[PDB]
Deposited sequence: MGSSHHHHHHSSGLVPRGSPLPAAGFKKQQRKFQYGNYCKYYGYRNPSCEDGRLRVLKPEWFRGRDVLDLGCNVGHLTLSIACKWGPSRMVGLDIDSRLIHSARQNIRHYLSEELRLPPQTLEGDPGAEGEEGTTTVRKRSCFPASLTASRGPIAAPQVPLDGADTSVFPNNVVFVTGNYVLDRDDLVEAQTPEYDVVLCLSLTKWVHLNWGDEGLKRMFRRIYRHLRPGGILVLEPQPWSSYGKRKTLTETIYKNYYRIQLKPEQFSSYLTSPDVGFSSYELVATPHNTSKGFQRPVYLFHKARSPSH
C-alpha cells in the first residue's frame, strides 16, 4: 500500500513501460566489464541483470532492503538467460546499506570497483536523514578500491515533498534536512567522504520527465593519497 523505502513492487512497469531502460544508453560497458560491482537498492533487479548478462562484470551484487524484491530479483534471472559467465556472476542480498554507527562505517573495507547508487539517495535521506545519507556516502567510499567509481543518480529536492507524509519519521527528517541534492557533489568530494573528482555523464531519456535524472561519476583516486 505505502512504500516508504521506495520499495515499489511494480516499479519498472511504470519507470520503463514496455521499453528499454534509458540509463543503459548512458552507463558505459567498459565501466563494468571484468569489474566487481555493487548495485545499491537494486529493487527487482531488472537493471542489475541487464548489466550482468550483457556487460560481463566479474561479480555483480544486488542489494535491497526489501526481501520480497530480492526474491523477485532471483526469480527474474531466468528472463535474462541466453564463474564470470552469467548467471554465475550475479548474486542478490537483502539488507539495509545504512549502518547505524560511524565506527561501523569506518570499519568497511574495499570490495568493489564500481558502486551503483541509482534513485536511492531520496529514500535514504527521508528515512534516515542527513546522518543516514552521509553514512551511506562514506561507506560507499570505503567500499571502493582505489580507482573505483561511484555512479550516482540522485533525485531532485523538488521531488521529496510529495512523499514527506509517508511516516512521522520521514516527515520529521524532511524538515530537518540541510544537505540538499544540489550540495551532494561538494559533500562527496569533501574530506568527510574523499572522492577526488566527479563528472556529469548525461541525463538519460525517459517516458516521464520525472525519471530524467542526471547521472554522475565520482572517482576514488588511484593513489593511496
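Going by the record, the unmodelled stretches of the deposited sequence, in order, are 1-30, 113-165, 309.
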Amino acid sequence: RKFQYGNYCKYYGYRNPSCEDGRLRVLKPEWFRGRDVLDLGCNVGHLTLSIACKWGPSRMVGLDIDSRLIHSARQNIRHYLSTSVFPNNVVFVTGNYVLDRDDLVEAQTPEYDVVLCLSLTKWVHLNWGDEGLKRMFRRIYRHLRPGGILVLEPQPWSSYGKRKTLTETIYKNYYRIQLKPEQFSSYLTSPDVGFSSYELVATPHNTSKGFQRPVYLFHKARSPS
From here on, numbers count along this sequence of modelled residues.
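If you average the C-alpha B-factors over 104-112 and over 90-98, the higher value belongs to 104-112.
Per the PDB record, of the two stretches 157-165 and 25-33, 25-33 carries the greater mean B-factor over its C-alpha atoms. Per the PDB record, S190 has a higher Cα B-factor than any other of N173, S190, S67, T48. In this PDB entry, the Cα temperature factor of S72 sits in the middle third of its chain's modelled residues. Sort the modelled residues of the chain by CA B factor and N43 lands in the lowest third. Per the deposited record, the Cα B-factor of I177 falls in the middle third when ranked against the other modelled residues of its chain. Residue-level temperature factors show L63 in the lowest third of its chain, judged at the C-alpha atom. In the PDB entry, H125 places in the lowest third of its chain by CA B-factor.
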